[PDB]
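Below: the structure, in structure tokens.
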Amino acid sequence: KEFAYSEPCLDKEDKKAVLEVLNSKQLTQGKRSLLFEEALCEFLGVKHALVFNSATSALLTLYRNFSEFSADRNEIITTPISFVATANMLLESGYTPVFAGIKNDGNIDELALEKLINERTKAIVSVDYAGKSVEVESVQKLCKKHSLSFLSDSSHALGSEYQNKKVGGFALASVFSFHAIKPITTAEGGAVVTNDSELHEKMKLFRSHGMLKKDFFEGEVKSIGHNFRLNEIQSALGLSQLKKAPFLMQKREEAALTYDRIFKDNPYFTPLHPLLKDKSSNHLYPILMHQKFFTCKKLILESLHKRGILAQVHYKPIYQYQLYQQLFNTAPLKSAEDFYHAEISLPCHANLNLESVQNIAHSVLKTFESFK
Amino acid sequence: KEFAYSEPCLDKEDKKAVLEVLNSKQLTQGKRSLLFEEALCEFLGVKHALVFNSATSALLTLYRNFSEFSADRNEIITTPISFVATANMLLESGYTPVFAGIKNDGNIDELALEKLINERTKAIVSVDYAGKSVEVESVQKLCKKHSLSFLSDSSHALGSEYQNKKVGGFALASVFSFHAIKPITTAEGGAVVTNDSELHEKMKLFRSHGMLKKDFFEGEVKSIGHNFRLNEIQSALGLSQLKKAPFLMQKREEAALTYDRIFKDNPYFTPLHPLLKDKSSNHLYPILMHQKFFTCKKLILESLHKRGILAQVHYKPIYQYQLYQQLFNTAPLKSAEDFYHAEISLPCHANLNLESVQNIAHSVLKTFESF
């Protein structure tokens, strides 16, 4: 009885909505992506939404279009505790990533950003790690104080709130992901949401060949564009999943709460969930091992896998990859290293019932006792 | 009724294939894209196939990866008669397009190509117009001679043939589209096929974050990559569609033959379909107006639309786009400007029955008669 760390959660209505699209003659560039984009705007309380084939494609369109590029303003500060894509797309946009420290919770350290700004600094890119909001008030005030763009990678955090308001409209722009195992899914897919109308329209054309309507037969191209559209089949699934996002988020919060209960005051590791101040998407359920276990990681992990718990680790500090060590040869950050050595993401998704969570939790405990 | 120039043609097994995926816990990065890639290899007779979210992503991926970029060899020759993405992706790859001349069959003229090869030339990019294969054997030589890469944008041409051999394994790599209205669809999708194993592996990495699998928990990244994966839902549809690609192509062929019959010896335009010498995918059915009609295109098309025929023109020559003026200022080519004014694409797709074709054809003639 094997448990992936996350799974898609599709139901009858989701399937019904996909079938409906298979019966029509518009498979792409149609009503359903617009409908999906409108429903996100409503859901998040923002003005503008664009859906893409992936969040990685959405990150790129944002990075390329928030402002024009200047070799004099070429550094962007971001976290090294993110999926590599957050960084890879900076490089594809011509920026140099500058890596900040993080906190116990895995989020970018709002205190340690000051130290790192210089003349080259163009933006801060934050990540709502595990779906937990970063300290928005701070980064905003800092970004204003320094004429910096605030960009939010909120891939994990569709549904998450900060001071009882849903993440999405705190930054110049925010990226979400609808990858298979994310809070809601379109199989693959992402979005950029924004309150700036000019940004929206500019990254709308980047998304689709830079084609402006004209004759009906003829169009105009003033700038480059790709084909990063999200098709109608995946838009229908998105609509359908969105309509139940608060229910799905609550099923995960329930899993989190069962874990907390059973894990309370254990001698082995610190779960992050009880430390939440606002509502979270609960994309991941992280535990942070105590130092004594660091040299056991792999053995701890293999021992979990053998019990059917396919635990993962989020994330390897980005600067540690070969690509980043060749380009920047970055000096390690202790906040990053410690978190990486400590973090384990346990199974957490909407489809896990009480029994499975109980079994998994008790079983995690047996694993750590196995050592000492 | 209202006739769009092309449509998807899905059936009950297409619909059944998609449901099997929704019932599964694997919606992306799964068996089915591998299977679809495999089935594309078997269909084409090539060693490697990679599927992407769109043909534009496949192009960028090929363009960025077929060789390392050098400011010295920064010129790639291509046709101006192609969808824009063909060039937008050259710009994004830092190359400069050199627009060649076209034949009146819409294809890049394989003779006006030597004139253009200089010191900074890296590759030739042909487009298989309307599914018609370019003069492959003649391009393979001009590229072998001048040490250039041959890259084929065969977007429209899955199923097409050259000297009774499937288009796909003639170039260094070939790109196909599975967009909603292409020979087969995955709604949105594309592919790069190749017989070059090193290039396959490199493009595979570019398609997915550059992530190399180490053990279960860790990987390595040595070069950037994106997220241009095709998911399991569309792969499943791809497979179901590919299995009937020959049937669908033969429906489009029959529709073209009907047009051909009704249009025989007409005094208004010349259709391209009868001119073929090899099997084509028939992605479009192009007709070329006689010179004396160029002057009224706007009114001829509006009255075609008026009768319900949603005809289209492929293509506005790429250099005419504001963007390409600002950059290269390109002086018009006589062959491409002509073809542009002459061309109208009539509806052509697998679901267009005999009555419909016989009606559209009749309406087309009536519209030209009234001028």
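Going through the structure tokens in order, the chains are called A, B, and so on, while each chain numbers its residues from 1 and the ligands are numbered from 1 in the order shown.
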
Residues of chain B within 8 Å of chain A, counting only C-alpha atoms, what are they? List them as a PyMOL selection string. chain B and resi 7-8+10+15+19+22-23+25-28+53-57+84-85+88-89+91-92+180+187-188+209+217-218+220-233+312-313+316+321-323

So that I can check the secondary structure, give me every residue of range 93-210 of chain B assigned helix (DSSP H, G or I) by backbone DSSP, as a list in words.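 Checking each residue of range 93-210 of chain B, the helix (DSSP H, G or I) ones are residues 114, 115, 116, 129, 130, 131, 136, 137, 138, 139, 140, 141, 142, 143, 144, 145, 197, 198, 199, 200, 201, 202, 203, 204, 205, 206 and 207 of chain B.
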
At what distance in Å, to one decimal, does CA of residue 76 in chain A lie from CA of residue 200 in chain A?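 Computed distance, CA of residue 200 in chain A to CA of residue 76 in chain A, equals 21.1 Å.
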